[PDB]
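S.K.: My questions will all concern the structure given below.
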Amino acid sequence: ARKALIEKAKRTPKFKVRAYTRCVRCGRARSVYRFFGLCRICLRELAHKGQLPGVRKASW
Amino acid sequence: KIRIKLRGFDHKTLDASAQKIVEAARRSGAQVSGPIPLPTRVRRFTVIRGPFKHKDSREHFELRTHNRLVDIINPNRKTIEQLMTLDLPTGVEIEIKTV
Amino acid sequence: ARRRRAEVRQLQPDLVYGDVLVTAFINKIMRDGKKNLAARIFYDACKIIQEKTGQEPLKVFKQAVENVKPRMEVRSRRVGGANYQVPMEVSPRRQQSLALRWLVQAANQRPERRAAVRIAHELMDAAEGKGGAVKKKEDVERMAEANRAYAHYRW
Amino acid sequence: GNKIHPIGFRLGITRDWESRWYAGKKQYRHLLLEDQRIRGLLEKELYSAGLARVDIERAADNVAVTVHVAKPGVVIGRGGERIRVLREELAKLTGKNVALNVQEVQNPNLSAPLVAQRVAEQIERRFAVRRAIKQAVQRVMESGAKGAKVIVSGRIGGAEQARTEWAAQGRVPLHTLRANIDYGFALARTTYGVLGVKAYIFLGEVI
Amino acid sequence: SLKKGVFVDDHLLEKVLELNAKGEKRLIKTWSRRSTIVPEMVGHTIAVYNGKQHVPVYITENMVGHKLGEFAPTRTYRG
Amino acid sequence: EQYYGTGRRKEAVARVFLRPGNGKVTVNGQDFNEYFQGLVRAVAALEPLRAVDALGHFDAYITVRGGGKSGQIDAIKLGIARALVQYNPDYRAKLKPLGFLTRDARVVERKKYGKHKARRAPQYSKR
Amino acid sequence: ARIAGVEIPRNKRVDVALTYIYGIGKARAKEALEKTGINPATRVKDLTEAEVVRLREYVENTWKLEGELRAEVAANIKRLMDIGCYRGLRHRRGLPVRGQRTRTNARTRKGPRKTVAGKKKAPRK
RNA sequence: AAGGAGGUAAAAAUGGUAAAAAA
RNA sequence: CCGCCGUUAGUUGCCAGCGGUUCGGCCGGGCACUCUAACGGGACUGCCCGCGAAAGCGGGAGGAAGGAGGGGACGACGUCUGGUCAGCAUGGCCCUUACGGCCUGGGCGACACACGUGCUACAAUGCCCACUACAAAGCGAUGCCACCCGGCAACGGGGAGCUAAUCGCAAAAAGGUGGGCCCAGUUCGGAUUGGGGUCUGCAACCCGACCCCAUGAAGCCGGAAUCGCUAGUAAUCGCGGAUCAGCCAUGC
Numbered sequence: 002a003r004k005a006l007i008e009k010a011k012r013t014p015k016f017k018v019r020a021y022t023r024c025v026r027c028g029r030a031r032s033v034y035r036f037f038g039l040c041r042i043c044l045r046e047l048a049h050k051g052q053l054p055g056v057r058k059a060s061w
Numbered sequence: 003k004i005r006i007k008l009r010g011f012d013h014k015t016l017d018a019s020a021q022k023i024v025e026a027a028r029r030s031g032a033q034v035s036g037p038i039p040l041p042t043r044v045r046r047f048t049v050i051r052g053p054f055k056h057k058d059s060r061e062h063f064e065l066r067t068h069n070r071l072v073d074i075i076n077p078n079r080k081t082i083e084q085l086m087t088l089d090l091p092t093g094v095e096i097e098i099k100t101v
Numbered sequence: 002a003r004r005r006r007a008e009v010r011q012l013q014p015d016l017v018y019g020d021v022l023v024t025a026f027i028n029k030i031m032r033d034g035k036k037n038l039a040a041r042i043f044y045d046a047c048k049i050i051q052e053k054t055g056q057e058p059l060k061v062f063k064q065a066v067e068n069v070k071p072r073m074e075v076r077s078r079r080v081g082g083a084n085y086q087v088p089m090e091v092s093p094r095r096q097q098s099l100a101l102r103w104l105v106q107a108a109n110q111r112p113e114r115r116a117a118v119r120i121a122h123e124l125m126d127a128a129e130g131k132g133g134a135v136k137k138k139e140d141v142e143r144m145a146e147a148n149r150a151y152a153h154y155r156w
Numbered sequence: 002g003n004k005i006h007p008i009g010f011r012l013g014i015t016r017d018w019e020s021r022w023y024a025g026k027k028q029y030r031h032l033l034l035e036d037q038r039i040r041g042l043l044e045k046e047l048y049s050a051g052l053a054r055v056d057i058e059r060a061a062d063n064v065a066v067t068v069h070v071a072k073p074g075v076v077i078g079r080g081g082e083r084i085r086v087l088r089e090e091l092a093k094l095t096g097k098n099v100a101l102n103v104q105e106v107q108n109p110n111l112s113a114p115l116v117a118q119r120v121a122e123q124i125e126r127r128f129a130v131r132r133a134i135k136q137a138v139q140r141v142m143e144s145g146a147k148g149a150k151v152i153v154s155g156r157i158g159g160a161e162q163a164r165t166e167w168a169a170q171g172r173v174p175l176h177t178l179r180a181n182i183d184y185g186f187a188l189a190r191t192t193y194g195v196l197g198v199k200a201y202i203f204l205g206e207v208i
Numbered sequence: 004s005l006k007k008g009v010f011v012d013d014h015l016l017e018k019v020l021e022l023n024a025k026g027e028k029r030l031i032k033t034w035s036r037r038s039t040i041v042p043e044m045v046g047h048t049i050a051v052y053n054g055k056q057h058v059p060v061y062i063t064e065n066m067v068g069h070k071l072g073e074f075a076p077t078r079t080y081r082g
Numbered sequence: 002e003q004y005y006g007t008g009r010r011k012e013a014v015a016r017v018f019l020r021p022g023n024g025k026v027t028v029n030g031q032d033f034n035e036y037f038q039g040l041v042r043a044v045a046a047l048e049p050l051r052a053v054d055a056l057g058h059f060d061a062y063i064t065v066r067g068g069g070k071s072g073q074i075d076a077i078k079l080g081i082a083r084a085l086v087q088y089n090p091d092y093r094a095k096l097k098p099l100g101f102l103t104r105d106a107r108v109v110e111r112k113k114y115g116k117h118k119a120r121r122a123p124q125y126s127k128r
Numbered sequence: 002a003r004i005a006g007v008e009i010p011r012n013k014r015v016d017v018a019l020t021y022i023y024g025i026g027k028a029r030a031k032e033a034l035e036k037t038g039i040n041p042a043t044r045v046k047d048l049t050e051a052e053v054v055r056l057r058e059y060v061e062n063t064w065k066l067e068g069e070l071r072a073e074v075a076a077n078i079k080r081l082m083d084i085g086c087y088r089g090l091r092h093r094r095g096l097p098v099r100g101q102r103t104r105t106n107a108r109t110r111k112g113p114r115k116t117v118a119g120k121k122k123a124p125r126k
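Okay, here's the thing in structure tokens:
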């Protein structure tokens, strides 16, 4: 698995409701903020490396 | 009658735009609507600690786009001329609309 | 807390009559976050008092205060492998606290018709002395007396 | 032990993004994608001479192929032919507009990421960790900072019990904001597994 | 479920019209237990697919407007 | 001519305008006695003008919005208190020992992550 | 006032009275209270028998109640035992008809609870 | 009330768990 | 980040100043005032009175702000051979026309208990119906949908504006004004269930959700013992978001 997962999402089968997010820079389908196309930790790692723009270490 | 909306990411060059901009429009023309600040647009993201099953213990992160506004009253040649090209928003873009 | 001696902090200078104890009693009448209708209710009761009797509401209030005063309340002494159940002279702040709260729950204890009604009728009998909080007053007095052996076992 | 990213801790006024353009809510994600793949393809096929800043300036199709490297001359080409191919591979995998940048900062021991990279280079080729690495911290302080802390986690010499070494010198105030601490993590990798090479570098205040 | 219309496999209806065209042998064996037992299935042996075997069920009428495999338990042992 | 009070509490802007008169006081359009009916703390906010007995001689135009009704009331406390502390700064020195100068600090703290109501921690098991 | 199945409500709002009847929720109460005439607010005890009798006429006519209702449901229950449709399969079992849960919660569509011996677990310390 | 020292009374429901070893 | 003040700024706001008003800040205009968001100022035991060898201490004053002003992000040297290769990498090990890929469905929702943690309740500060006002925040272009109409409703037809502080989700609820219920398993409570629609989606049986009628159980405040909370905190009450076609969301 995992390998043919990204395929299923990269290939987009038939009906609309067989789709599911994908952390393109980590590889996960669940809890993927479909604004970055990133999982929680993919988002976090790019955020911390100093590699995420517009965004900031929120502290309100 | 000239509505120029500022879509930036950092309030630095965004207000630094605002200033020089309003000058060279007062320069090559006349009255300029002073840089009016639209409420800075922020997005909310609430991630967690580690990749390991932890729910609680978290870190939240915020996206910070800024929005401002500059207007004038007259479409003189020189105004348009200078302030249509003489730009440098390496990380900012705008929206020209009329009224 | 261990570093401090905390505080009581002044409550609210009664939104109407002009005295802390009124909005204190209302404070303990309050339905958790709904001071509004509790204060209302209370004043329904008070004005009904004033339409039933000819004695002042604040007066009869002070008479409730006095009628339920735990001069000596019962706690416990320090002795390792036991606890001496020991009474002691209370502080008028704690006396009044306990008191007014007891009046609150004595009013609550009456399976009556309405809130203002319960609070009122209670306030009547309790200020009189023929009341629940009063009975528990005289009772805890009995506790501080039947434990007058623990009169020098007060921490 | 944690230590929330001193880099992501410097976000306020002590570090600006490695990417400064405008991004609209729609085309934002895709910009993040395109850019990320770009950066990545730089990283490896433009490893060669070691680099830190992977900056990008964009807006409407303009692309600032911007890099802070340790060396330019042997990554520009023997006849300016390395810039050629690479820049063009970008414009090929990013059918838009490209413009290289090989900005160089004169000091290697200064700026963490590449010192971490070189330290990790030492052990990757099997050298004695503690010695060479401690004296590496001492190279960094030979340059002259106020603090340098290169810790190294992973399998030391094998022996299963993969611990973490302790190498540092000088004061290191990563609690402080206005201090500018360059931090670089090099990925060490032995035939017997993976080691982690973290390098902290303390600049100073009033900046 | 379905609101304006109703669900049933199309290969079903098309197979209804054949088995009815002759009134042939028994055994309808859907590999699809979904499809509603819609009115025009009369009362024939339904070897619906479990996930295991082809659970056969003699349909009557007290079940018409309600799914096929809805009648196989599949989940073994009860209480 | 005018007596302006900048009034605020727990985010509720009481913009206070005053002129002299008798008791014509309009809270954001409507009379006092409807814009805050039922609340006992309403007349409470009528303490500053009542502590100086210049309660009457005022025809106020009070634009009050945002936040909450009772919070509006307290906001008008600060507003009134600010409007007169302006046009006769004698009342200033004598009103601070009544507290009618302090704005507020009692604000609904952020709901903390991990816990329920900003502080309400989730129940503990262990066993 | 035995209009329905031996149903006598007595002194109260006619609507509450009606509500106390099987087959009649408050909706059907006010429904009959707009179709038969009779005033809801007015007490049912002090009624006038003309409006009363025409009321009971409209009531049992246009719709029916407990006698058939539940029994009918028990006939559609006979069907729920016709083959053992999973609905009636589970109804036969003595468990909820919805495929919800039954691991922990089942205190209504089943009895309370009937103790075992736990059967214990797997390491937790 | 400082310490330190010199003799008298206080104070553990229960606990089995190993091991070549890694520097 | 949040309270006081300050400079600039004007499709949110404003008659605060006047003019008119299908009498709507709608039609001129201002920026003081709401406000929105950048650069600041402002508080230090700095001062007054007393005490303490000093730290520090009580009282009091100017103050929007007292002696750490309220919250956040910050979490060392290091312990736990703690966890996660089922996010990710990476040593070793095993399989390799199968322990790999696709598909279909079934399943992870099971039921004799036990337990965690939650929700709504068991009620006259209450529950039902009617009436009138104040939210902060985020979200929204095959999304947000105003709006008229259809239908008891779900939801649908026609159909304005908007890449928005300008159009919309939006209906806040608690409040409060006016009537019912009148201590009853009660018009309390919605669990169980049957009878029908709609919407989602290829498709809803196991397995979605919404809505209409009816059934209206248990449950009349809960022992051994145990939770949380020191101030805009407890409780109470409402709302936006992320992932989402939908939704089992009482989760966060």
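Chains as they are written, first to last, in the UniProt record's numbering: chain E, 2 to 61; chain U, 3 to 101; chain V, 2 to 156; chain R, 2 to 208; chain P, 4 to 82; chain H, 2 to 128; chain W, 2 to 126. Virtual Cβ for every residue (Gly too), placed ideally from N, Cα, C.
Relative to the C-alpha of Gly9 (chain R), which candidate in R:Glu161, R:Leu196, R:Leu178 and R:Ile202 has its C-alpha closest?
M.R.: In the fourth sequence, counting from the first residue as 1, residue 9 (chain R) sits at position 8. Closest by alpha carbon: R:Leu178.
S.K.: Name, in chain order, the residues that DSSP records as bridge partners for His62 (chain U).
M.R.: Translated into positions along the second sequence, residue 62 (chain U) becomes position 60. According to DSSP, which records beta bridges pairwise, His62 (chain U) is partnered with U:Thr48.
S.K.: Please tell me whether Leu50 (chain H) has its Cβ less than 8 Å away from any Cβ of chain V.
M.R.: The count along the sixth sequence starts at 1 and reaches residue 50 (chain H) at position 49. It does not; no Cβ of chain V falls within 8 Å.
S.K.: Which residues in chain R have a C-beta closer than 7 Å to the C-beta of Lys11 (chain E)? List them in chain order.
M.R.: Mapped onto the first sequence, residue 11 (chain E) falls at position 10. By Cβ distance, chain R contributes nothing, its closest Cβ being about 13 Å from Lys11 (chain E), past 7 Å.
S.K.: Can you tell me which of the three DSSP states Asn108 (chain R) falls into?
M.R.: Taking the first residue of the fourth sequence as position 1, residue 108 (chain R) is located at position 107. Correct three-state label for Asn108 (chain R): coil.
S.K.: Is the separation between the beta-carbon of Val17 (chain H) and that of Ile77 (chain H) shorter than 8 Å?
M.R.: Locating residue 17 (chain H) in the sixth sequence gives position 16, where the first residue counts as 1. Locating residue 77 (chain H) in the sixth sequence gives position 76, where the first residue counts as 1. Cβ atoms of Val17 (chain H) and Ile77 (chain H): closer than 8 Å.
S.K.: Along the region 110 to 122 of chain H, where does the CB come closer than 7 Å to a CB of chain U? Name the residues.
M.R.: Listed by position along the chain: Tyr114 and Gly115.
S.K.: Confirm, please, whether the CB-CB distance from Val24 (chain U) to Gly36 (chain U) is below 8 Å.
M.R.: Here residue 36 (chain U) is taken as the residue at index 34 of the second sequence, counted from 1. Here residue 24 (chain U) is taken as the residue at index 22 of the second sequence, counted from 1. Closer than 8 Å, so yes.
S.K.: Between the region 38 to 62 of chain U and chain R, which residues of the former have a C-beta closer than 7 Å to a C-beta of the latter?
M.R.: Here the close residues number zero.
S.K.: In the DSSP assignment, what are the bridge partners of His57 (chain P)?
M.R.: The sequence position of residue 57 (chain P) within the fifth sequence is 54, counting from 1. Looking at the DSSP assignment, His57 (chain P) forms a beta bridge with P:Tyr52.
S.K.: Taking just the CA atoms, how far does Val75 (chain V) sit from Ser71 (chain H)?
M.R.: Walking along the sixth sequence from the start, residue 71 (chain H) turns up at place 70. Walking along the third sequence from the start, residue 75 (chain V) turns up at place 74. The alpha-carbon atoms of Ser71 (chain H) and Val75 (chain V) are separated by roughly 41 Å.
S.K.: Taking 8 Å as the cut-off, decide whether the C-beta atoms of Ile74 (chain U) and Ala27 (chain U) are in contact.
M.R.: By 1-based counting over the second sequence, the position of residue 74 (chain U) is 72. By 1-based counting over the second sequence, the position of residue 27 (chain U) is 25. Against a cut-off of 8 Å, the Cβ pair of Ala27 (chain U) and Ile74 (chain U) comes out as a contact.
S.K.: Near residue 1 (chain V), which residues of its chain fall below 7 Å by C-beta distance, leaving aside the five closest residues on each side in sequence?
M.R.: Residue 1 (chain V) cannot be examined here, being either before or after the span of chain V that is shown, 2 to 156.
S.K.: For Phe43 (chain V), does the three-state DSSP call read helix, strand or coil?
M.R.: One-based indexing of the third sequence puts residue 43 (chain V) at position 42. Correct three-state label for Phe43 (chain V): helix.
S.K.: Whose Cβ in chain P lies nearer than 7 Å to the Cβ of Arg80 (chain W)?
M.R.: On the seventh sequence, position 79 is the one that residue 80 (chain W) refers to. The answer, in chain order, is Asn65.
S.K.: Exposed or buried, which one is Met86 (chain U) when buried takes at least 16 other CB atoms within 10 Å?
M.R.: Start at 1 with the first residue of the second sequence, and residue 86 (chain U) comes out as number 84. Label assigned to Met86 (chain U): exposed.
S.K.: Inspect the CB distances between the region 151 to 164 of chain R and the region 121 to 141 of chain R and report whether three or more fall short of 8 Å.
M.R.: Enough Cβ pairs lie closer than 8 Å, so yes.
S.K.: Would you list the residues sitting across from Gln170 (chain R) in a DSSP beta bridge?
M.R.: Here the question's residue 170 (chain R) lines up with position 169 in the fourth sequence. Paired residue(s): R:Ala149.
S.K.: Taking beta-carbon pairs under 7 Å, can you tell me which members of the region 28 to 61 of chain E lie near chain R?
M.R.: Those residues of the region 28 to 61 of chain E that come within reach of chain R (Cβ to Cβ, closer than 7 Å) are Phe36, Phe37, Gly38, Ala48, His49, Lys50, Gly51, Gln52, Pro54, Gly55, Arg57 and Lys58.
S.K.: Hey, how far is the Cα of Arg29 (chain E) from the Cα of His56 (chain U)?
M.R.: As a first step, residue 29 (chain E) must be located in the first sequence, where it is residue number 28. As a first step, residue 56 (chain U) must be located in the second sequence, where it is residue number 54. Roughly 17 Å separates the two Cα atoms.
S.K.: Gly159 (chain R) lies in the alpha helix (DSSP H); which residues open and close that run?
M.R.: Walking along the fourth sequence from the start, residue 159 (chain R) turns up at place 158. Taken as a continuous stretch (DSSP letters only), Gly159 (chain R) belongs to no alpha helix (DSSP H), as it is neither H nor E.
S.K.: Establish whether the CB of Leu85 (chain U) and some CB of chain E are separated by less than 8 Å.
M.R.: To locate residue 85 (chain U), count along the second sequence from 1; it is residue 83. So, not an interface residue.
S.K.: Quick one: which chain R residues come within Cβ less than 9 Å of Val94 (chain U)?
M.R.: Taking the first residue of the second sequence as position 1, residue 94 (chain U) is located at position 92. Per Cβ cutoff of 9 Å: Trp22, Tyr23 and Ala60.
S.K.: Give me, in chain order, the residues of the same chain whose beta-carbon lies closer than 7 Å to that of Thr165 (chain R); leave out the 5 immediate sequence neighbours on both sides.
M.R.: Taking the first residue of the fourth sequence as 1, we reach residue 165 (chain R) at position 164. Correct list, in chain order: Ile152, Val153 and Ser154.
S.K.: Quick one: give me the first and last residue of the alpha helix (DSSP H) that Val195 (chain R) is part of.
M.R.: As a working note, residue 195 (chain R) is residue 194 in the fourth sequence. Careful: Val195 (chain R) lies outside any alpha helix (DSSP H), inside the beta strand (DSSP E) at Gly194 to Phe203.
S.K.: Can you tell me whether DSSP reads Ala75 (chain W) as helix, strand or coil?
M.R.: One-based indexing of the seventh sequence puts residue 75 (chain W) at position 74. If DSSP states are grouped into helix, strand and coil, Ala75 (chain W) belongs with the helices.
S.K.: Cα separation between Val65 (chain H) and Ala106 (chain H)?
M.R.: Residue mapping note: residue 65 (chain H) aligns to position 64 of the sixth sequence, counting from 1. Residue mapping note: residue 106 (chain H) aligns to position 105 of the sixth sequence, counting from 1. The alpha-carbon atoms of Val65 (chain H) and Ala106 (chain H) are separated by roughly 20 Å.
S.K.: Specify the secondary structure class of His69 (chain R) as computed by DSSP and reduced to three states.
M.R.: Along the fourth sequence, one-based indexing puts residue 69 (chain R) at 68. If DSSP states are grouped into helix, strand and coil, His69 (chain R) belongs with the strands.
S.K.: Could you tell me the distance, in whole angstroms, from the CA atom of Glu143 (chain R) to the CA atom of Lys113 (chain H)?
M.R.: As a first step, residue 143 (chain R) must be located in the fourth sequence, where it is residue number 142. As a first step, residue 113 (chain H) must be located in the sixth sequence, where it is residue number 112. Rounded to the nearest angstrom, the two C-alpha atoms are 46 Å apart.
S.K.: Does any residue of chain E bring its CB to less than 8 Å from the CB of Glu25 (chain U)?
M.R.: Looking up residue 25 (chain U) in the second sequence gives position 23. By this cut-off, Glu25 (chain U) is not an interface position.
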